[PDB]
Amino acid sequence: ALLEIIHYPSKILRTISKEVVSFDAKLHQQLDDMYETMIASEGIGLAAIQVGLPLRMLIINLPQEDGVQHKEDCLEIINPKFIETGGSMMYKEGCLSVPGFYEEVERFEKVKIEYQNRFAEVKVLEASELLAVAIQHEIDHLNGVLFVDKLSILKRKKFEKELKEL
């Protein structure tokens, strides 16, 4: 089922999500609803709090060569934790909870994370570029952080201008 997407400046997006402890049918349905919700709004990443669920889980489904998304490559990361991070790069980001606004944010160009899939299986994943950016962006949501929070002095002003624009 489709779930309501929470938009900035809702205080709900500042929540610190909690670890998932029961990987059951209920959790799986929330993940399915999240995927259905992300696609319907044409996003490539979505954190649980963006739909009102203060849980430490998020999904990422980057499009392939053809430019289309295949539910097969969808990553479901629960209880993530950074093992290592390195480098630095700028990436223009967007967010379903801040529709209509896109701005460059500084991110690590490489990260290694540890997490669990929907079946509680432990995984270790190394990522770079786009995938590494999505991971950092989504994980920020779990800690109540939005990418507009990480904007430089100037860009923050541009955000306010464009915000007043809508």
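Residue numbers run from 1 along the displayed sequence.
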item: Between 148-156 and 7-15 (mean CA B-factor, as deposited), the higher; value: 148-156
item: Segment of higher mean CA temperature factor, 34-42 or 99-107; value: 99-107
item: Member of 137, 56, 28, 70 with the greatest C-alpha B factor (per the PDB record); value: 70
item: Member of 117, 64, 128, 50 with the greatest C-alpha B factor (per the PDB record); value: 64
item: Lowest, middle or highest third - CA B-factor, residue 78; value: lowest
item: Third of chain Cα B-factors occupied by residue 20; value: middle
